[PDB]
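Novice: Below you will find the structure I want to go over with you.
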Amino acid sequence: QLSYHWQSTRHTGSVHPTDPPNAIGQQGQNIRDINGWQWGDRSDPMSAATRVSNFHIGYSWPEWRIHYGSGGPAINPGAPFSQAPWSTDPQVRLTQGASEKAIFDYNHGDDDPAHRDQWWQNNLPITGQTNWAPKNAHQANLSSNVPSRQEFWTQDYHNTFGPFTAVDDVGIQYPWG
Amino acid sequence: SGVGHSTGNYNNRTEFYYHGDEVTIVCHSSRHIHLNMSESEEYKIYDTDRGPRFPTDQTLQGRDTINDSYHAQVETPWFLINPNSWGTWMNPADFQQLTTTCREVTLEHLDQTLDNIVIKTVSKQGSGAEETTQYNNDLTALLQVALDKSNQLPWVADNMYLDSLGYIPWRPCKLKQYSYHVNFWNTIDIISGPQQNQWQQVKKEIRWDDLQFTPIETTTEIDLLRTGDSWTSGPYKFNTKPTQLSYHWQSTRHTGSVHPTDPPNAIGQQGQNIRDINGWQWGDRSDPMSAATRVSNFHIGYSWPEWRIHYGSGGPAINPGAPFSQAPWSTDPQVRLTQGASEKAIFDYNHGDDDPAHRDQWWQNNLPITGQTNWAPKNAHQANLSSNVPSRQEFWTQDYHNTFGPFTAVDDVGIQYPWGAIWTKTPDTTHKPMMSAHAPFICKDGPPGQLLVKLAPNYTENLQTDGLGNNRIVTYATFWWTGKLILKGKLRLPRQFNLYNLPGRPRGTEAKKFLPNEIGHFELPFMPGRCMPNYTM
Amino acid sequence: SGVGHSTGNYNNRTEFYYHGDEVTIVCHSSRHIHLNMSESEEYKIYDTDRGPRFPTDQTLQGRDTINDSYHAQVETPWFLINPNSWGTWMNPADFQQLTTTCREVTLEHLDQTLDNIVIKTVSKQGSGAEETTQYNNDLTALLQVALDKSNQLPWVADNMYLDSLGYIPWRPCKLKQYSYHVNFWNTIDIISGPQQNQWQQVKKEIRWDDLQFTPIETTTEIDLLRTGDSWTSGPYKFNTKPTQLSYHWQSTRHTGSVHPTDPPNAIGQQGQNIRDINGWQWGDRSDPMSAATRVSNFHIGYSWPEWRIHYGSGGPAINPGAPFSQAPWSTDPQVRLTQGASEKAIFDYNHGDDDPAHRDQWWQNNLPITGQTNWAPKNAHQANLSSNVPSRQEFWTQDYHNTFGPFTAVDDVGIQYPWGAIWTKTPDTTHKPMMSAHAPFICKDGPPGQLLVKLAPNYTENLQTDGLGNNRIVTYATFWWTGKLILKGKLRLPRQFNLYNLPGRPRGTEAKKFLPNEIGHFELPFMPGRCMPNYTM
Amino acid sequence: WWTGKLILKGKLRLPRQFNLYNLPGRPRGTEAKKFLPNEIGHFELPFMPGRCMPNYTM
Amino acid sequence: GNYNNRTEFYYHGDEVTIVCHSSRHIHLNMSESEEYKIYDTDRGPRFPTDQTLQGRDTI
Ligand SMILES: CC(=O)N[C@H]1[C@H]([C@H](O)[C@H](O)CO)O[C@@](O)(C(=O)O)C[C@@H]1O
Ligand SMILES: CC(=O)N[C@H]1[C@H]([C@H](O)[C@H](O)CO)O[C@@](O)(C(=O)O)C[C@@H]1O
Ligand SMILES: CC(=O)N[C@H]1[C@H]([C@H](O)[C@H](O)CO)O[C@@](O)(C(=O)O)C[C@@H]1O
């Protein structure tokens with residue numbers, strides 16, 4: 001594929017019912033009492049986050065997994081995605097989208113002989129499969145009630161690849177790939 | 001047809017044809033549609049608020065950020081006609097017939113028409129006291145019809161908000177405006193602050209530099225129809241796979257060779273597991289030859305960080321685990337165990353609730369599907385599997401790992417009769433999903449084209465650029481949608497000696513609930529779609 | 001079609017077809033047109049006032065007489081449907097596609113239709129307080145359509161006032177009345193009085209003895225259409241030349257043989273022009289062998305008394321010099337250098353401004369076109385060209401002469417995407433113009449015929465000769481224009497090793513400006529039409 | 001001298017939207033001179049993404 | 001043989017054909033030995049000699 005995909009699960013399918021804004025500064029207003037399919041036993045808060053979907057875009061992963069096989073440690077790669085939605089400070093470099101780095105030289109497209117050049121490929125356009133493991137959570141039940149402090153977990157680092165998952169590969173990386 | 005000739009008739013019959021092992025189900029559906037004038041003639045792009053219940057503070061430590069509805073969309077003057085839901089095509093007795101006589105079913109063909117277009121304008125004479133309303137036919141007014149057959153438009157016809165045509169043939173249907181998401185970022189950090197117990201917004205905005213805007217008029221050709229005019233979609237052919245009409249009760253402990261047992265000798269006695277036997281066992285385990293450590297070829301079901309919350313770009317979303325019944329763990333019926341990837345349909349009068357002005361709801365917990373039951377917190381793992389029992393360390397519980405793997409066999413949810421979607425579009429990504437979390441049929445090529453309709457604007461004599469709905473005669477339309485959906489099943493024949501439990505209404509329900517009352521209100525029953533036991537192996 | 005059958009459909013798609021070196025672009029456009037009743041049924045001849053800002057005195061010494069709008073015209077009850085503008089035929093992504101994949105493009109074919117005619121009358125009941133307005137279909141009323149295929153009518157469809165059909169497919173369009181100039185004299189002397197610093201009118205009047213009056217009814221046949229009726233133009237075939245989709249950066253100093261140079265030896269060093277060389281030089285100049293005095297075969301660009309004001313019969317008019325970029329002379333971005341024959345489009349909501357009630361404007365300065373840059377005040381001429389530098393006398397600056405001549409090579413402006421005209425009529429004179437100052441295509445034979453429409457008068461029961469609009473039932477119409485414009489391009493393939501700058505929005509603009517906002521307002525971007533560098537020689 | 005011939009088969013890309021695309025070009029923070037020969041003939045090749053343009057997933 | 005580094009594009013309908021010609025001038029020295037050799041290596045730069053980083057640098 002020569003295209004990048006911006007759609008996450010929240011970008012796909014039916015849009016949450018909204019009444020339009022009436023003027024230039026106004027935002028749409030999510031409708032409160034609506035019908036639909038929701039996950040678990042959840043009807044009171046009809047919300048886009050708990051809307052059922054057919055598939056799921058992207059998966060989480062123990063990012064920068066180090067395998068340590070026979071023959072030594074090796075990176076077990078997670079899926080490629082952009083960290084641009086989480087970035088904020090451009091000084092700190094978030095490497096976790098399975099980004100790659102090409103180190104190259106004069107014959108491979110560096111300008112200066114005797115010094116190697118390098119390009120960090122962070123995959124900035126690929127969003128919507130963005131899946132930073134530490135930012136996820138899981139809860140015991142999904143209902144009209146908010147779970148307590150226990151019953152809610154963060155920073156798990158599980159692999160969420162499964163039979164419902166749709167995910168893109170990195171694609172062509174032109175000079176060095 | 002001119003003005004005084006009908007352009008079509010009404011067929012809501014379902015027809016069954018049995019030949020050999022093959023059954024052909026022809027579903028005719030006809031609906032009378034009420035269409036108003038579009039609230040504006042403009043395409044609009046805007047984002048929204050968070051929606052009800054999203055936190056304003058850290059009282060719940062961001063656990064309630066799962067309530068986020070934030071999104072950005074491109075409003076479109078067009079209305080969507082979506083027949084993607086069982087109930088729009090089959091009444092309860094028809095679907096009962098389907099799930100009684102068929103072991104599996106596939107989609108084969110879809111045809112659609114629109115006809116008998118009536119467009120009226122409303123006139124209001126007199127002042128408030130003697131205000132009189134006149135409804136006049138506008139014989140030259142136009143209805144606009146766009147069918148996107150090439151699937152060039154964003155696909156939003158998944159029925160997840162139950163936008164589908166209504167389920168009961170004698171009531172009128174209304175339509176929802178077509179809208180789709182644009183590119184936005186909705187990143188929320190739930191581990192922000194010291195102690196990592198605070199939620200903070202990271203990026204919430206529309207991505208204009210990247211945004212995609214695809215109006216109907218420049219993407220598809222549009223048919224213009226007057227009152228004597230009719231419209232047909234032409235044939236659509238499904239390319240999909242059959243869905244199973246059975247539920248599977250077999251776990252890994254129910255499958256394959258049975259542990260050697262000597263029979264009981266009398267009525268109250270139980271079988272006695274044989275002690276010294278041969279066989280294959282996992283690890284280096286021979287002394288305790290036991291069914292639990294018997295080797296198997298495959299594994300039924302997988303565990304999962306159940307009710308996984310993803311928090312992607314665009315906000316949190318449930319990453320669904322596999323469907324299964326919590327009935328084996330239930331005990332107390334008061335507590336509701338939601339963890340089998342259960343779903344809940346919230347619906348209304350046109351979608352099968354009895355009372356107008358109040359919505360009804362059905363919690364689909366998938367009680368028959370056991371044996372892929374895999375509640376994460378109940379599992380364990382141990383360092384070694386041997387004749388020795390591992391110590392306290394070397395044994396772990398309550399892990400919440402994903403156990404999906406190359407040896408895994410697992411069922412999808414199957415048809416959910418009244419409210420469930422029928423088909424779904426395949427996402428265009430490098431790795432296509434292996435199975436669907438809700439819709440039983442995945443269209444390998446494009447799904448049926450989205451049928452979009454809009455009443456052409458009927459202007460007053462003074463057309464001002466500053467005006468919106470002022471220079472627009474108040475106009476509405478009624479017309480008739482008809483459709484034909486062909487299904488192909490395989491016949492179901494008895495595989496057992498004893499009696500089956502045949503499909504019927506849900507357990508705790510009485511027939512009167514699904515029958516018209518004094519004023520004509522009734523509900524449609526949930527029907528499982530995997531209604532009967534079958535062997536997995 | 002009778003009364004309840006549509007006479008046409010809606011296609012706004014643009015289609016691209018690539019075969020070998022040839023590209024075929026099929027532009028479908030459909031517009032919903034709102035037409036009122038003509039303000040009078042009479043042809044009128046009248047002249048005007050001077051217009052805003054024309055001097056009443058000698059405060060500015062007549063320099064502000066350039067503000068003259070005076071003219072005489074023959075008002076005509078007819079309305080013009082003019083599709084002569086990019087934007088009426090192509091959306092921004094389509095035109096981006098065109099200018100990315102095509103090195104040049106020609107016009108090939110034009111087809112037009114009118115259909116789905118709706119004619120309504122307005123009734124007003126009750127006194128002011130309870131005044132109620134009724135809109136009734138008049139099923140027997142007539143629309144008049146005249147296409148002048150023989151070009152017997154004065155051609156006024158040049159889009160210079162932006163009278164063209166609107167650019168965004170989902171909005172309605174209104175039409176301007178057809179009118180054309182009659183013979184008048186508007187001579188203003190700007191060197192009048194002692195000191196020759198005073199402006200005085202010489203002749204300002206209509207030339208009745210010579211005047212030409214050509215009404216529609218006696219010049220062309222007229223089609224009469226009721227609501228069930230449709231109209232087609234038939235095929236029109238363009239005879240024109242291709243327009244270049246590239247901009248040229250090469251001046252005479254950029255072309256041909258390079259001055260002999262020895263290379264730099266290291267990163268900070270510059271080449272060193274060789275001193276003693278052979279070659280051809282202008283005049284008797286050999287000692288200073290220099291690139292400036294190198295002989296060439298041709299000369300790129302010409303100078304001109306820039307912003308020439310003609311003051312003909314009928315008043316002052318700009319005599320345009322060649323288009324070029326002032327970017328090489330710019331420096332301060334605050335001061336705006338207008339002298340490259342730059343143009344300015346002033347436009348409104350239907351023509352691609354976002355805000356109703358306020359007009360927007362784009363100054364087209366032609367920044368990529370350099371190398372024909374020829375600012376008159378910066379040139380010079382010298383008596384002789386030799387090894388000797390001429391004295392103070394023998395050297396002249398700031399001349400403002402016209403340097404167009406037989407050795408001159410010069411580009412026209414090219415396509416100006418949103419607002420620019422497409423074609424133009426060739427003036428019928430002994431010497432045909434060599435090139436066009438604005439419209440990219442010059443029709444060698446007649447241009448597409450002017451499409452004129454007028455709603456037939458709907459009279460009351462009492463027809464009085466003294467009456468005008470009293471004996472005329474208030475009547476308006478809506479109908480649908482469709483058109484098909486076929487373009488033939490030549491494919492653009494990379495001529496260089498390095499990356500091109502591909503067509504996109506203008507420099508200082510953000511994508512949101514060209515995307516619908518909350519209420520649906522947006523602008524269309526200017527696209528240059530010469531978007532990419534190419535070699536001249 | 002090595003010579004080679006590699007044949008690729010693509011599918012054409014046509015506009016799926018009304019508005020303007022961002023067309024492939026050099027990376028964001030880079031200037032064209034970096035990818036052009038200098039006085040002594042040294043230059044770099046630009047990274048090009050290979051997924052360069054938005055498309056709908058569903 | 002001759003030298004062709006041209007890339008050629010051919011557009012027909014929905015199909016594009018891209019023909020990439022590449023030519024390279026190759027410099028080849030004599031092999032440093034004529035023998036096949038089997039050997040293992042050292043750890044490489046930055047691999048820990050001690051437990052200062054608790055083995056995090058064993059990557
Ligand atoms: C080809 C090239 O010049 N690469 C430059 C990269 C890229 O700009 C980024 O890696 C892109 O993500 O930046 C560096 O400083 C770096 O971070 O290693 C090295 C170098 O200056
Ligand atoms: C269609 C219908 O009437 N649904 C009823 C459901 C179902 O009995 C269960 O959800 C099945 O699991 O029960 C409810 O009380 C509920 O829990 O939301 C609502 C409603 O009374
Ligand atoms: C379409 C549009 O928005 N046009 C803008 C122009 C252009 O940026 C320049 O004219 C380009 O040369 O700038 C103005 O301020 C101006 O100078 O008249 C008006 C307006 O803001």
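A note on labels: chains of the structure tokens are A, B, ... as shown, every chain counts residues from 1, and ligands are counted from 1 in their shown order.
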Given a cut-off of 10 Å, which residues of chain D touch chain E, counting only C-alpha atoms, written out as a ChimeraX atom specification?
Specialist: /D:1-14
Novice: Determine, counting only C-alpha atoms, which protein, DNA and RNA residues have an atom within 7 Å of an atom of residue 48 (chain A); residues of the same chain fewer than 5 positions away are not included. Present the result as a PyMOL selection string.
Specialist: (chain A and resi 16) or (chain B and resi 68-69)
Novice: Select all residues from chain A having any atom no more than 6 Å from an atom of chain B (counting only C-alpha atoms, ignoring ligands), output as number ranges by chain.
Specialist: A: 10-11, 13-15, 27-30, 35-41, 47-50, 54-55, 128, 130-131, 136-139, 141, 163-169
Novice: Contacts of residue 137 (chain B) at 9 Å or less, counting only C-alpha atoms, minus same-chain residues fewer than 2 places along, as a CSV table (one decimal) with N, CA and C atoms, in the first residue's frame?
Specialist:
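Writing the result to around06.csv gives the following:
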chain,number,residue,atom,x,y,z
B,118,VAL,N,-43.8,10.8,-2.9
B,118,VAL,CA,-44.8,11.9,-2.7
B,118,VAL,C,-44.0,13.0,-2.0
B,119,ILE,N,-44.0,14.2,-2.6
B,119,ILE,CA,-43.4,15.4,-2.1
B,119,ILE,C,-44.4,16.5,-1.9
B,120,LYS,N,-44.5,17.0,-0.6
B,120,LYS,CA,-45.5,18.0,-0.3
B,120,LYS,C,-44.8,19.2,0.3
B,121,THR,N,-45.5,20.3,0.2
B,121,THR,CA,-45.1,21.6,0.8
B,121,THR,C,-46.1,21.9,1.8
B,122,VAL,N,-45.8,22.6,2.9
B,122,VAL,CA,-46.7,23.0,3.9
B,122,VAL,C,-46.9,24.6,3.8
B,135,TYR,N,-51.4,21.3,3.3
B,135,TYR,CA,-50.4,20.4,2.8
B,135,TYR,C,-50.7,20.2,1.3
B,139,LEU,N,-45.8,18.8,-7.5
B,139,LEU,CA,-45.7,17.7,-8.5
B,139,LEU,C,-44.4,17.8,-9.2
B,140,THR,N,-43.7,18.9,-9.3
B,140,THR,CA,-42.5,19.1,-10.0
B,140,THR,C,-41.2,19.0,-9.1
B,141,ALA,N,-41.4,18.9,-7.8
B,141,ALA,CA,-40.3,18.9,-6.9
B,141,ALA,C,-39.5,17.6,-7.1
Novice: Using only C-alpha atoms and all ligand atoms, find each protein or nucleic acid residue lying at most 8 Å from ligand 1; present the set as a VMD selection string.
Specialist: (chain A and resid 101 110 117 to 122) or (chain D and resid 29 to 30 44 to 47)
Novice: So, counting only C-alpha atoms and all ligand atoms, which residue among B:325, B:379, B:536, B:112 is closest to ligand 2?
Specialist: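 Counting only C-alpha atoms and all ligand atoms, the residue closest to ligand 2 is B:325.
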Novice: Could you state the separation of CA of residue 55 (chain E) and CA of residue 385 (chain B) in Å, given to one decimal place?
Specialist: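 CA of residue 385 (chain B) lies 29.5 Å from CA of residue 55 (chain E).
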Novice: Residues of chain D near chain C: apply a cut-off of 6 Å, count only C-alpha atoms, and supply the list as a compact mmCIF listing (two decimals) with N, CA, C and O atoms, in the first residue's frame.
Specialist:
# COMPACT_ATOMS: atom_id res chain seq x y z
N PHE D 18 -12.47 16.12 -2.25
CA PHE D 18 -12.69 17.42 -2.86
C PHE D 18 -11.49 18.34 -2.69
O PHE D 18 -11.07 19.00 -3.65
N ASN D 19 -10.93 18.40 -1.49
CA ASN D 19 -9.87 19.33 -1.15
C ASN D 19 -8.51 18.86 -1.68
O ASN D 19 -8.35 17.76 -2.19
N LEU D 20 -7.51 19.72 -1.48
CA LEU D 20 -6.16 19.46 -1.98
C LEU D 20 -5.43 18.44 -1.12
O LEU D 20 -5.52 18.46 0.11
N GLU D 39 29.38 22.60 -4.37
CA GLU D 39 30.57 22.97 -5.13
C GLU D 39 31.44 21.77 -5.50
O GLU D 39 31.96 21.71 -6.61
Novice: Excluding same-chain residues fewer than 3 positions from residue 444 (chain C), what lies within 9 Å of it counting only C-alpha atoms, as a count of residues only?
Specialist: 7
Novice: Distance limit 6 Å, atoms considered: only C-alpha atoms. Which chain C residues sit that close to chain B? Return them as a CSV table (one decimal) with N, CA and C atoms, in the first residue's frame.
Specialist:
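Writing the result to result-v3.csv gives the following:
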chain,number,residue,atom,x,y,z
C,4,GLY,N,-44.7,14.8,-13.8
C,4,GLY,CA,-44.1,14.1,-12.7
C,4,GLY,C,-43.0,13.2,-13.1
C,5,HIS,N,-42.3,13.5,-14.2
C,5,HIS,CA,-41.0,12.8,-14.6
C,5,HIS,C,-39.8,13.7,-14.7
C,6,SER,N,-38.7,13.3,-14.1
C,6,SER,CA,-37.5,14.2,-14.2
C,6,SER,C,-36.9,14.1,-15.6
C,9,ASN,N,-30.5,14.0,-14.8
C,9,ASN,CA,-29.8,13.6,-13.6
C,9,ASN,C,-28.6,14.6,-13.4
C,10,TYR,N,-27.9,14.3,-12.3
C,10,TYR,CA,-26.8,15.2,-11.8
C,10,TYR,C,-25.5,14.4,-11.9
C,11,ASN,N,-24.5,15.0,-12.6
C,11,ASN,CA,-23.2,14.5,-12.6
C,11,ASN,C,-22.2,15.6,-12.4
C,12,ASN,N,-21.5,15.7,-11.2
C,12,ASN,CA,-20.4,16.6,-11.0
C,12,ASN,C,-19.0,16.0,-11.0
C,13,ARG,N,-18.9,14.7,-11.3
C,13,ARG,CA,-17.6,14.0,-11.4
C,13,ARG,C,-16.6,14.6,-12.4
C,130,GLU,N,-51.4,39.9,8.7
C,130,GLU,CA,-51.6,38.4,8.5
C,130,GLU,C,-51.1,38.1,7.1
C,132,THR,N,-49.7,36.4,4.2
C,132,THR,CA,-49.2,35.0,4.0
C,132,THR,C,-48.8,34.8,2.6
C,356,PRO,N,-20.2,35.0,3.4
C,356,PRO,CA,-21.2,35.8,2.7
C,356,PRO,C,-21.2,37.3,3.2
C,476,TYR,N,-41.1,33.0,-10.7
C,476,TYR,CA,-39.6,32.7,-10.7
C,476,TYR,C,-39.5,31.2,-11.1
C,511,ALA,N,-4.3,24.8,5.4
C,511,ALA,CA,-5.4,23.9,4.8
C,511,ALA,C,-6.8,24.2,5.3
C,512,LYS,N,-6.9,24.6,6.6
C,512,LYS,CA,-8.2,24.8,7.2
C,512,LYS,C,-9.0,25.9,6.4
C,516,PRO,N,-14.4,23.3,4.8
C,516,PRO,CA,-15.7,23.7,5.5
C,516,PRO,C,-15.5,23.8,7.0
C,517,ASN,N,-16.0,24.9,7.5
C,517,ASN,CA,-16.0,25.2,9.0
C,517,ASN,C,-17.3,24.7,9.6
C,518,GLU,N,-17.5,25.1,10.9
C,518,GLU,CA,-18.7,24.7,11.6
C,518,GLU,C,-20.0,25.0,10.8
C,519,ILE,N,-20.1,26.1,10.2
C,519,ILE,CA,-21.3,26.5,9.5
C,519,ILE,C,-21.2,26.2,8.0
C,520,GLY,N,-20.1,25.6,7.5
C,520,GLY,CA,-20.1,25.2,6.1
C,520,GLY,C,-19.4,26.2,5.2
Novice: Dump as number ranges by chain the residues of chain A that approach chain E to within 10 Å, counting only C-alpha atoms.
Specialist: A: 66-68, 72-75
Novice: Once you have the residues from the selection above, write them out as a PDB file, in the first residue's frame, restricted to N, CA and C atoms.
Specialist:
ATOM      1  N   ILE A  66      12.842  -7.497  24.372  1.00  0.00           N
ATOM      2  CA  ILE A  66      14.147  -8.110  24.155  1.00  0.00           C
ATOM      3  C   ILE A  66      14.011  -9.608  24.384  1.00  0.00           C
ATOM      4  N   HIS A  67      14.278 -10.388  23.343  1.00  0.00           N
ATOM      5  CA  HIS A  67      14.002 -11.821  23.369  1.00  0.00           C
ATOM      6  C   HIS A  67      15.055 -12.654  24.110  1.00  0.00           C
ATOM      7  N   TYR A  68      16.347 -12.439  23.893  1.00  0.00           N
ATOM      8  CA  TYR A  68      17.341 -13.346  24.493  1.00  0.00           C
ATOM      9  C   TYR A  68      17.098 -14.799  24.110  1.00  0.00           C
ATOM     10  N   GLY A  72      21.618 -15.166  21.461  1.00  0.00           N
ATOM     11  CA  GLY A  72      21.680 -13.879  22.109  1.00  0.00           C
ATOM     12  C   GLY A  72      20.414 -13.052  22.026  1.00  0.00           C
ATOM     13  N   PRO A  73      20.432 -11.889  22.668  1.00  0.00           N
ATOM     14  CA  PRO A  73      19.250 -11.022  22.657  1.00  0.00           C
ATOM     15  C   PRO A  73      18.959 -10.468  21.275  1.00  0.00           C
ATOM     16  N   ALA A  74      17.668 -10.250  21.025  1.00  0.00           N
ATOM     17  CA  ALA A  74      17.233  -9.654  19.746  1.00  0.00           C
ATOM     18  C   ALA A  74      15.919  -8.914  20.012  1.00  0.00           C
ATOM     19  N   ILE A  75      15.712  -7.777  19.353  1.00  0.00           N
ATOM     20  CA  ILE A  75      14.444  -7.012  19.514  1.00  0.00           C
ATOM     21  C   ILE A  75      13.290  -7.801  18.890  1.00  0.00           C
TER      22      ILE A  75
END
Novice: Taking only residues of chain C that have an atom at most 7 Å from an atom of chain E, what is each one's shortest atom pair and its distance in Å to one decimal, using only C-alpha atoms, in chain and number order, as a Markdown table?
Specialist:
| residue | atom | partner | partner_atom | distance |
| --- | --- | --- | --- | --- |
| C:17 | CA | E:13 | CA | 6.3 |
| C:18 | CA | E:13 | CA | 5.7 |
| C:19 | CA | E:12 | CA | 4.7 |
| C:20 | CA | E:11 | CA | 5.7 |
Novice: Could you pull out the helix (DSSP H, G or I) residues of region 337-405 of chain B from DSSP and send them as a count of residues only?
Specialist: 6
Novice: Would you give me, as an NGL selection string, the residues in chain A that DSSP reads as strand (DSSP E or B)?
Specialist: :A and (3-5 or 18-19 or 28-30 or 36-39 or 41 or 51 or 56-57 or 65-66 or 69 or 72 or 75-76 or 100-104 or 117-121 or 137-139 or 143 or 152-154 or 165-167)
Novice: Once you count only C-alpha atoms, which residues of chain D turn out to be within 9 Å of chain A? Could you give them as a ChimeraX atom specification?
Specialist: /D:34-35,37,41-58
Novice: Could you dump the residues just selected with N, CA and C atoms as a tab-separated table (two decimals), in the first residue's frame?
Specialist:
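Once everything was written out, this is again-v8.tsv:
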chain	number	residue	atom	x	y	z
D	34	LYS	N	20.14	20.62	0.49
D	34	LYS	CA	20.71	19.40	1.11
D	34	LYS	C	20.68	18.23	0.12
D	35	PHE	N	19.69	18.22	-0.78
D	35	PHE	CA	19.53	17.06	-1.70
D	35	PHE	C	20.04	17.44	-3.10
D	37	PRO	N	23.68	18.61	-5.46
D	37	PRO	CA	25.15	18.68	-5.45
D	37	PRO	C	25.64	20.08	-5.09
D	41	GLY	N	30.41	18.53	-5.34
D	41	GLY	CA	29.64	17.42	-5.86
D	41	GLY	C	29.03	16.50	-4.83
D	42	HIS	N	28.96	16.91	-3.58
D	42	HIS	CA	28.41	16.08	-2.51
D	42	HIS	C	26.96	16.46	-2.24
D	43	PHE	N	26.10	15.45	-2.07
D	43	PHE	CA	24.69	15.68	-1.76
D	43	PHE	C	24.11	14.43	-1.11
D	44	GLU	N	22.93	14.59	-0.52
D	44	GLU	CA	22.21	13.52	0.16
D	44	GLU	C	20.95	13.12	-0.59
D	45	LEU	N	20.57	11.94	-0.43
D	45	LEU	CA	19.26	11.58	-0.94
D	45	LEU	C	18.19	11.73	0.15
D	46	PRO	N	17.02	12.24	-0.17
D	46	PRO	CA	15.96	12.41	0.84
D	46	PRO	C	15.23	11.12	1.17
D	47	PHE	N	14.85	10.99	2.43
D	47	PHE	CA	13.90	9.96	2.81
D	47	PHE	C	12.54	10.26	2.18
D	48	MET	N	11.92	9.24	1.60
D	48	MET	CA	10.56	9.37	1.11
D	48	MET	C	9.76	8.27	1.78
D	49	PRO	N	8.56	8.55	2.27
D	49	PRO	CA	7.88	7.66	3.20
D	49	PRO	C	7.39	6.35	2.62
D	50	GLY	N	6.87	6.35	1.41
D	50	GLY	CA	6.33	5.15	0.79
D	50	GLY	C	4.87	4.93	1.17
D	51	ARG	N	4.45	5.37	2.35
D	51	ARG	CA	3.04	5.65	2.58
D	51	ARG	C	2.99	7.15	2.75
D	52	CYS	N	2.69	7.84	1.65
D	52	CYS	CA	2.80	9.28	1.63
D	52	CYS	C	1.49	10.04	1.70
D	53	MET	N	0.39	9.37	1.62
D	53	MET	CA	-0.85	10.11	1.49
D	53	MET	C	-1.99	9.45	2.23
D	54	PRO	N	-2.92	10.24	2.77
D	54	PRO	CA	-4.00	9.66	3.55
D	54	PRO	C	-4.95	8.89	2.66
D	55	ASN	N	-5.50	7.82	3.21
D	55	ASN	CA	-6.59	7.10	2.58
D	55	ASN	C	-7.48	6.58	3.69
D	56	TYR	N	-8.72	6.28	3.35
D	56	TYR	CA	-9.65	5.71	4.32
D	56	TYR	C	-9.31	4.25	4.56
D	57	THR	N	-9.39	3.83	5.82
D	57	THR	CA	-9.36	2.41	6.16
D	57	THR	C	-10.72	1.75	6.00
D	58	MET	N	-11.78	2.42	6.42
D	58	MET	CA	-13.15	1.94	6.29
D	58	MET	C	-14.08	3.09	5.87
Novice: Report the distance between CA of residue 85 (chain B) and CA of residue 374 (chain B) in Å, rounded to one decimal place.
Specialist: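 Separating CA of residue 85 (chain B) from CA of residue 374 (chain B) is a distance of 29.1 Å.
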Novice: Nearest residue to ligand 2 out of A:150, A:143, A:160, A:76, using only C-alpha atoms and all ligand atoms?
Specialist: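 Looking at the shortest contact to ligand 2, the residue is A:143.
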